[PDB]
Amino acid sequence: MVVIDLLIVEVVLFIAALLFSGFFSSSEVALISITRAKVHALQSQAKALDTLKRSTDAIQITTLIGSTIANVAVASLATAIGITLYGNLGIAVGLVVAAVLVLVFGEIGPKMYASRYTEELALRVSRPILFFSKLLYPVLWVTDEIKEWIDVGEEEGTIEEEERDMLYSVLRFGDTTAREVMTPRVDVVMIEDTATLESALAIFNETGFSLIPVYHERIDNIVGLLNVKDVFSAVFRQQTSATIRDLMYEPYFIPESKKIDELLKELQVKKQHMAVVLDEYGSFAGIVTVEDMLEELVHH
Amino acid sequence: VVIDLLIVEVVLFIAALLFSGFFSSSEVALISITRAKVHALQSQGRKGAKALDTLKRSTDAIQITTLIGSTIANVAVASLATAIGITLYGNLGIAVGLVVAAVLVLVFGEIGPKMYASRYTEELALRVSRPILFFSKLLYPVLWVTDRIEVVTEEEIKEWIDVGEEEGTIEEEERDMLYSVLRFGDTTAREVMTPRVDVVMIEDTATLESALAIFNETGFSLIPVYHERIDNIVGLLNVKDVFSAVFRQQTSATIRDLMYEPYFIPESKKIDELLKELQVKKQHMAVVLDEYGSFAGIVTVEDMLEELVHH
């Protein structure tokens, strides 16, 4: 080695470390700032961005470690370059200059400019941040009664006794879970992802339903939902190669602990109306229709 | 000497790592404390708090003051870890100083101190309120520089439902309950709050004998309390407690002694959340503030259920 050689190796490592911090700091801003619905439309038109968005906090962990390690090195290198140039006072010089640059070009700067060009930057840093996350994945693994309250309201003038019954259901609506209102697996209708469109139409008429699940060689592995309008329109327009895998649309899975009040709001946002349910092990449990949720309100 | 300067850097290293914990832990706790909770602290005779409000008015300043601090502090941790490191392990010490500083700053300077903020967001805020406020005053030039540098369609529900009615996934009979339940969740407190102007309150300095006059004149059972201005709500006063007092007061307790801290909420609190949150607290009224921390109205459980029942 040599003094000049090492210093030039350090300055390029110092220059590269600063540029790496900007990529990590600006990536969080662009990653999180993206609107959820806009991400789905782009995905339909990315796939890694949707993967990282599944765990919003995961993006924060990966980026945090990236920016922190990058900025530590900027100081580490500049203060080695600092002392080999100005002596013990070089740690002060290195601390001053490395501190100024990490803010200007390493954290403050890139965060602001990420909102201006948030579109292109978000997609460009989707894949690499997803690669770093897989590298930083092991560390991430380490991170990992009622009548009393109401009767009082009426006495305080808060509630009117006429509006008591309706209140009761609104409370039982939030407390109710998907496991209670759903339909059990044993009684659910199903069609495999490898079946002729003619057979689905039979199922659609024998049972009469419009959305029948699509399992994948196993009752536990649901891979899509099949609308009857998609099948009836497929056999009519003779498509020599028209399998269920094409017509099925990816479902929206939920846990058994999901409250039905949230489910109903979300389903009408995503233009869907049936939801698939999974258990703690990731198997298949049932299906909740908007009708199933409101059945308790219909029977009072 | 070599040994005495290595002793100066090892303590400054420990200190620099503590600052990054101060800036990092304070950043999490301060932003997460809801502005409705900050309003409660000021009227509570709480330590600091009055400073905690000054910072909450600017959401950028809190992010700049914590970023600038934790950055300079983390650069200092590394600058000192390589200074100590390079003297201990030659030119390989620049590498050890990068590893030790980067693994400690994350664990004990950024990630770890964030954990204490989540569990203790309130007390940490009042303990770090004033400090971050004089850091902002001296970081003023950069802050000015950074400031200079800086769909619920009615038809969608109808079509979406009728599409469901066609699928059989929804029923036509159950349309009303569905159209209403959607409006219930998407309704804010503002839309159901009795406006500030029409609210009847009692100043905390008033007499219990005067409170009774208000309870009878209006007929309400619970009337808010405003410490100095109508913009301010410091508590709610139940008539049942005022009557029991005047009957056997003896000590003549004032409003501040008999009132109770309200449930402050923002104008945006979806009533769907407000109902479950209020009935869990066994409380049925909720004061409603605004972004600037003023007073804007109140919400009772009937208000949230009125439009739904009458519809």
# chains A, B, ... in the order shown; residues from 1 in each chain; ligands from 1

call {"tool": "select_by_dssp", "arguments": {"residues": "segment 1-75 of chain B", "states": "alpha helix (DSSP H)", "output": "tab-separated table (two decimals) with C-alpha atoms, in the first residue's frame"}}
result
chain	number	residue	atom	x	y	z
B	2	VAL	CA	-1.48	9.27	23.62
B	3	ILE	CA	-3.20	7.61	26.58
B	4	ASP	CA	-4.86	10.78	27.89
B	5	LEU	CA	-6.22	11.74	24.46
B	6	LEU	CA	-7.58	8.22	23.95
B	7	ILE	CA	-9.37	8.71	27.28
B	8	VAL	CA	-10.88	11.98	26.03
B	9	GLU	CA	-12.18	10.28	22.88
B	10	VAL	CA	-13.64	7.25	24.67
B	11	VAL	CA	-15.87	9.40	26.90
B	12	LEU	CA	-16.81	11.69	24.01
B	13	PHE	CA	-17.69	8.49	22.16
B	14	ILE	CA	-20.01	7.37	24.97
B	15	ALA	CA	-21.46	10.89	25.09
B	16	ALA	CA	-21.89	11.15	21.32
B	17	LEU	CA	-23.76	7.84	21.36
B	18	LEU	CA	-26.08	9.19	24.06
B	19	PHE	CA	-26.95	12.30	22.03
B	20	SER	CA	-27.99	10.13	19.08
B	21	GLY	CA	-30.27	8.30	21.50
B	22	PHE	CA	-31.70	11.60	22.71
B	23	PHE	CA	-32.39	12.88	19.19
B	24	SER	CA	-33.57	9.49	17.92
B	25	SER	CA	-35.81	8.58	20.86
B	26	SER	CA	-37.25	12.09	21.10
B	27	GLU	CA	-38.05	12.09	17.38
B	28	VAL	CA	-40.33	9.05	17.72
B	29	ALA	CA	-42.05	10.07	20.95
B	30	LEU	CA	-42.70	13.69	20.00
B	31	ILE	CA	-44.36	13.09	16.63
B	32	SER	CA	-46.47	10.18	17.90
B	35	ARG	CA	-51.98	16.88	19.50
B	36	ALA	CA	-55.14	16.26	21.54
B	37	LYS	CA	-52.95	14.73	24.26
B	38	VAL	CA	-50.60	17.73	24.12
B	39	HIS	CA	-53.55	20.04	24.80
B	40	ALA	CA	-54.43	18.04	27.91
B	41	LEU	CA	-50.92	18.32	29.38
B	42	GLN	CA	-50.76	22.12	29.30
B	50	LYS	CA	-46.05	24.54	27.45
B	51	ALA	CA	-42.88	23.96	25.43
B	52	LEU	CA	-44.25	20.72	23.96
B	53	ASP	CA	-46.98	22.84	22.35
B	54	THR	CA	-44.59	25.34	20.74
B	55	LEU	CA	-42.88	22.51	18.86
B	56	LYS	CA	-46.07	20.80	17.68
B	59	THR	CA	-44.10	19.44	11.95
B	60	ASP	CA	-41.03	20.12	9.79
B	61	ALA	CA	-38.94	21.75	12.53
B	62	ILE	CA	-39.21	18.68	14.77
B	63	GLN	CA	-38.00	16.49	11.89
B	64	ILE	CA	-35.12	18.86	11.09
B	65	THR	CA	-33.97	19.39	14.68
B	66	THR	CA	-33.88	15.64	15.33
B	67	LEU	CA	-32.27	14.80	11.98
B	68	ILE	CA	-29.53	17.43	12.25
B	69	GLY	CA	-28.75	16.35	15.80
B	70	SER	CA	-28.71	12.60	15.27
B	71	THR	CA	-26.66	13.07	12.09
B	72	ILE	CA	-23.94	15.23	13.65
B	73	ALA	CA	-23.98	12.95	16.69
B	74	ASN	CA	-23.66	9.80	14.57
B	75	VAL	CA	-20.86	11.30	12.46

call {"tool": "interface_residues", "arguments": {"of": "chain A", "to": "chain B", "cutoff": "6 Å", "atoms": "only C-alpha atoms", "output": "PyMOL selection string"}}
result
chain A and resi 69+72-73+75-76+79+91+95+99+149+156+158-159+210+289-291

call {"tool": "residues_around", "arguments": {"residues": "segment 58-66 of chain A", "least_positions_apart": "6", "cutoff": "12 Å", "atoms": "only C-alpha atoms", "output": "PyMOL selection string"}}
result
(chain A and resi 17-33+48-52+72-73+106-107+125-144) or (chain B and resi 102-107+110-111)

call {"tool": "residues_around", "arguments": {"residues": "residue 292 of chain A", "least_positions_apart": "3", "cutoff": "7 Å", "atoms": "only C-alpha atoms", "output": "JSON, numbers by chain"}}
result
{"A": [181, 182, 288, 289, 295]}

call {"tool": "residues_around", "arguments": {"residues": "residue 259 of chain B", "least_positions_apart": "5", "cutoff": "8 Å", "atoms": "only C-alpha atoms", "output": "PyMOL selection string"}}
result
chain B and resi 225+235-238

call {"tool": "write_last_selection", "arguments": {"atoms": "N, CA and C atoms", "output": "compact mmCIF listing (two decimals), in the first residue's frame"}}
result
# COMPACT_ATOMS: atom_id res chain seq x y z
N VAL B 225 -65.75 22.78 30.71
CA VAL B 225 -65.12 23.79 31.55
C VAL B 225 -64.01 24.43 30.74
N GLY B 235 -62.01 20.47 31.00
CA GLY B 235 -62.68 19.39 31.70
C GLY B 235 -64.17 19.45 31.47
N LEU B 236 -64.82 18.37 31.89
CA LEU B 236 -66.27 18.24 31.84
C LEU B 236 -66.79 18.10 33.26
N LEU B 237 -67.97 18.67 33.51
CA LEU B 237 -68.54 18.74 34.85
C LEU B 237 -69.91 18.08 34.83
N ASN B 238 -70.07 17.04 35.65
CA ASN B 238 -71.35 16.33 35.76
C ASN B 238 -72.20 16.98 36.84

call {"tool": "decode", "arguments": {"residues": "segment 166-196 of chain A", "atoms": "N, CA, C and O atoms", "output": "PDB file, in the first residue's frame"}}
result
ATOM      1  N   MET A 166     -80.456   0.300  18.018  1.00  0.00           N
ATOM      2  CA  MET A 166     -79.526   0.480  16.908  1.00  0.00           C
ATOM      3  C   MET A 166     -78.091   0.574  17.412  1.00  0.00           C
ATOM      4  O   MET A 166     -77.178  -0.011  16.819  1.00  0.00           O
ATOM      5  N   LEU A 167     -77.875   1.299  18.513  1.00  0.00           N
ATOM      6  CA  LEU A 167     -76.544   1.360  19.109  1.00  0.00           C
ATOM      7  C   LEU A 167     -76.015  -0.040  19.394  1.00  0.00           C
ATOM      8  O   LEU A 167     -74.837  -0.329  19.155  1.00  0.00           O
ATOM      9  N   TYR A 168     -76.879  -0.927  19.895  1.00  0.00           N
ATOM     10  CA  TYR A 168     -76.438  -2.275  20.240  1.00  0.00           C
ATOM     11  C   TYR A 168     -75.786  -2.967  19.051  1.00  0.00           C
ATOM     12  O   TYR A 168     -74.727  -3.592  19.191  1.00  0.00           O
ATOM     13  N   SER A 169     -76.393  -2.856  17.869  1.00  0.00           N
ATOM     14  CA  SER A 169     -75.844  -3.536  16.703  1.00  0.00           C
ATOM     15  C   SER A 169     -74.531  -2.903  16.258  1.00  0.00           C
ATOM     16  O   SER A 169     -73.610  -3.612  15.835  1.00  0.00           O
ATOM     17  N   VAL A 170     -74.429  -1.572  16.330  1.00  0.00           N
ATOM     18  CA  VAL A 170     -73.191  -0.910  15.930  1.00  0.00           C
ATOM     19  C   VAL A 170     -72.032  -1.395  16.784  1.00  0.00           C
ATOM     20  O   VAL A 170     -70.895  -1.494  16.305  1.00  0.00           O
ATOM     21  N   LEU A 171     -72.293  -1.704  18.055  1.00  0.00           N
ATOM     22  CA  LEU A 171     -71.246  -2.243  18.912  1.00  0.00           C
ATOM     23  C   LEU A 171     -70.951  -3.697  18.562  1.00  0.00           C
ATOM     24  O   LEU A 171     -69.786  -4.110  18.534  1.00  0.00           O
ATOM     25  N   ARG A 172     -71.993  -4.488  18.285  1.00  0.00           N
ATOM     26  CA  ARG A 172     -71.794  -5.872  17.872  1.00  0.00           C
ATOM     27  C   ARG A 172     -71.239  -5.978  16.458  1.00  0.00           C
ATOM     28  O   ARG A 172     -70.753  -7.048  16.073  1.00  0.00           O
ATOM     29  N   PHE A 173     -71.309  -4.903  15.674  1.00  0.00           N
ATOM     30  CA  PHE A 173     -70.716  -4.916  14.343  1.00  0.00           C
ATOM     31  C   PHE A 173     -69.200  -4.781  14.413  1.00  0.00           C
ATOM     32  O   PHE A 173     -68.479  -5.504  13.716  1.00  0.00           O
ATOM     33  N   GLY A 174     -68.700  -3.873  15.250  1.00  0.00           N
ATOM     34  CA  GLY A 174     -67.262  -3.734  15.390  1.00  0.00           C
ATOM     35  C   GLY A 174     -66.629  -4.925  16.081  1.00  0.00           C
ATOM     36  O   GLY A 174     -65.554  -5.385  15.685  1.00  0.00           O
ATOM     37  N   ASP A 175     -67.290  -5.449  17.116  1.00  0.00           N
ATOM     38  CA  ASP A 175     -66.733  -6.573  17.856  1.00  0.00           C
ATOM     39  C   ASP A 175     -66.767  -7.863  17.047  1.00  0.00           C
ATOM     40  O   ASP A 175     -65.938  -8.754  17.269  1.00  0.00           O
ATOM     41  N   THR A 176     -67.711  -7.990  16.120  1.00  0.00           N
ATOM     42  CA  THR A 176     -67.833  -9.220  15.350  1.00  0.00           C
ATOM     43  C   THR A 176     -66.622  -9.412  14.445  1.00  0.00           C
ATOM     44  O   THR A 176     -66.151  -8.473  13.798  1.00  0.00           O
ATOM     45  N   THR A 177     -66.124 -10.645  14.403  1.00  0.00           N
ATOM     46  CA  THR A 177     -64.967 -11.011  13.602  1.00  0.00           C
ATOM     47  C   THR A 177     -65.409 -11.753  12.344  1.00  0.00           C
ATOM     48  O   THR A 177     -66.565 -12.158  12.201  1.00  0.00           O
ATOM     49  N   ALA A 178     -64.458 -11.941  11.426  1.00  0.00           N
ATOM     50  CA  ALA A 178     -64.760 -12.669  10.198  1.00  0.00           C
ATOM     51  C   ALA A 178     -65.028 -14.144  10.468  1.00  0.00           C
ATOM     52  O   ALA A 178     -65.812 -14.771   9.746  1.00  0.00           O
ATOM     53  N   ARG A 179     -64.391 -14.713  11.496  1.00  0.00           N
ATOM     54  CA  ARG A 179     -64.588 -16.127  11.799  1.00  0.00           C
ATOM     55  C   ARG A 179     -66.037 -16.433  12.154  1.00  0.00           C
ATOM     56  O   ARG A 179     -66.519 -17.541  11.888  1.00  0.00           O
ATOM     57  N   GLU A 180     -66.743 -15.475  12.756  1.00  0.00           N
ATOM     58  CA  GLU A 180     -68.117 -15.717  13.178  1.00  0.00           C
ATOM     59  C   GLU A 180     -69.084 -15.686  11.998  1.00  0.00           C
ATOM     60  O   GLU A 180     -69.975 -16.539  11.901  1.00  0.00           O
ATOM     61  N   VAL A 181     -68.912 -14.728  11.085  1.00  0.00           N
ATOM     62  CA  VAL A 181     -69.883 -14.530  10.017  1.00  0.00           C
ATOM     63  C   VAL A 181     -69.590 -15.350   8.766  1.00  0.00           C
ATOM     64  O   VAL A 181     -70.498 -15.559   7.948  1.00  0.00           O
ATOM     65  N   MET A 182     -68.358 -15.822   8.595  1.00  0.00           N
ATOM     66  CA  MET A 182     -67.965 -16.481   7.359  1.00  0.00           C
ATOM     67  C   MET A 182     -68.733 -17.777   7.142  1.00  0.00           C
ATOM     68  O   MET A 182     -69.640 -18.113   7.909  1.00  0.00           O
ATOM     69  N   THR A 183     -68.367 -18.508   6.092  1.00  0.00           N
ATOM     70  CA  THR A 183     -68.911 -19.818   5.788  1.00  0.00           C
ATOM     71  C   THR A 183     -67.809 -20.854   5.943  1.00  0.00           C
ATOM     72  O   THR A 183     -66.707 -20.655   5.412  1.00  0.00           O
ATOM     73  N   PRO A 184     -68.051 -21.959   6.651  1.00  0.00           N
ATOM     74  CA  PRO A 184     -66.960 -22.909   6.911  1.00  0.00           C
ATOM     75  C   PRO A 184     -66.449 -23.559   5.633  1.00  0.00           C
ATOM     76  O   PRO A 184     -67.168 -23.680   4.640  1.00  0.00           O
ATOM     77  N   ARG A 185     -65.191 -24.004   5.687  1.00  0.00           N
ATOM     78  CA  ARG A 185     -64.561 -24.598   4.515  1.00  0.00           C
ATOM     79  C   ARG A 185     -65.347 -25.797   4.007  1.00  0.00           C
ATOM     80  O   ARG A 185     -65.559 -25.941   2.798  1.00  0.00           O
ATOM     81  N   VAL A 186     -65.786 -26.672   4.915  1.00  0.00           N
ATOM     82  CA  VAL A 186     -66.414 -27.923   4.502  1.00  0.00           C
ATOM     83  C   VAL A 186     -67.615 -27.666   3.602  1.00  0.00           C
ATOM     84  O   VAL A 186     -67.904 -28.462   2.700  1.00  0.00           O
ATOM     85  N   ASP A 187     -68.322 -26.557   3.813  1.00  0.00           N
ATOM     86  CA  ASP A 187     -69.531 -26.250   3.062  1.00  0.00           C
ATOM     87  C   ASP A 187     -69.294 -25.299   1.897  1.00  0.00           C
ATOM     88  O   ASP A 187     -70.256 -24.913   1.226  1.00  0.00           O
ATOM     89  N   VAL A 188     -68.049 -24.914   1.637  1.00  0.00           N
ATOM     90  CA  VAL A 188     -67.752 -23.991   0.548  1.00  0.00           C
ATOM     91  C   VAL A 188     -67.694 -24.759  -0.765  1.00  0.00           C
ATOM     92  O   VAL A 188     -67.208 -25.896  -0.821  1.00  0.00           O
ATOM     93  N   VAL A 189     -68.201 -24.137  -1.827  1.00  0.00           N
ATOM     94  CA  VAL A 189     -68.092 -24.692  -3.170  1.00  0.00           C
ATOM     95  C   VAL A 189     -66.734 -24.321  -3.746  1.00  0.00           C
ATOM     96  O   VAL A 189     -66.141 -23.300  -3.385  1.00  0.00           O
ATOM     97  N   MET A 190     -66.234 -25.149  -4.657  1.00  0.00           N
ATOM     98  CA  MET A 190     -64.902 -24.933  -5.188  1.00  0.00           C
ATOM     99  C   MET A 190     -64.789 -25.551  -6.569  1.00  0.00           C
ATOM    100  O   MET A 190     -65.531 -26.467  -6.930  1.00  0.00           O
ATOM    101  N   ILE A 191     -63.841 -25.028  -7.340  1.00  0.00           N
ATOM    102  CA  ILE A 191     -63.468 -25.588  -8.631  1.00  0.00           C
ATOM    103  C   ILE A 191     -61.961 -25.442  -8.776  1.00  0.00           C
ATOM    104  O   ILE A 191     -61.390 -24.413  -8.402  1.00  0.00           O
ATOM    105  N   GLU A 192     -61.314 -26.471  -9.313  1.00  0.00           N
ATOM    106  CA  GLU A 192     -59.863 -26.464  -9.404  1.00  0.00           C
ATOM    107  C   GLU A 192     -59.394 -25.476 -10.471  1.00  0.00           C
ATOM    108  O   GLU A 192     -60.138 -25.097 -11.379  1.00  0.00           O
ATOM    109  N   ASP A 193     -58.134 -25.050 -10.343  1.00  0.00           N
ATOM    110  CA  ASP A 193     -57.541 -24.168 -11.341  1.00  0.00           C
ATOM    111  C   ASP A 193     -57.271 -24.886 -12.657  1.00  0.00           C
ATOM    112  O   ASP A 193     -56.922 -24.227 -13.643  1.00  0.00           O
ATOM    113  N   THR A 194     -57.434 -26.207 -12.695  1.00  0.00           N
ATOM    114  CA  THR A 194     -57.279 -27.013 -13.905  1.00  0.00           C
ATOM    115  C   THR A 194     -58.598 -27.744 -14.139  1.00  0.00           C
ATOM    116  O   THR A 194     -58.733 -28.930 -13.832  1.00  0.00           O
ATOM    117  N   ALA A 195     -59.579 -27.023 -14.674  1.00  0.00           N
ATOM    118  CA  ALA A 195     -60.870 -27.607 -15.004  1.00  0.00           C
ATOM    119  C   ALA A 195     -61.441 -26.872 -16.204  1.00  0.00           C
ATOM    120  O   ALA A 195     -61.152 -25.693 -16.423  1.00  0.00           O
ATOM    121  N   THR A 196     -62.255 -27.579 -16.981  1.00  0.00           N
ATOM    122  CA  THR A 196     -62.806 -26.995 -18.194  1.00  0.00           C
ATOM    123  C   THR A 196     -63.861 -25.953 -17.845  1.00  0.00           C
ATOM    124  O   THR A 196     -64.630 -26.114 -16.893  1.00  0.00           O
TER     125      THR A 196
END
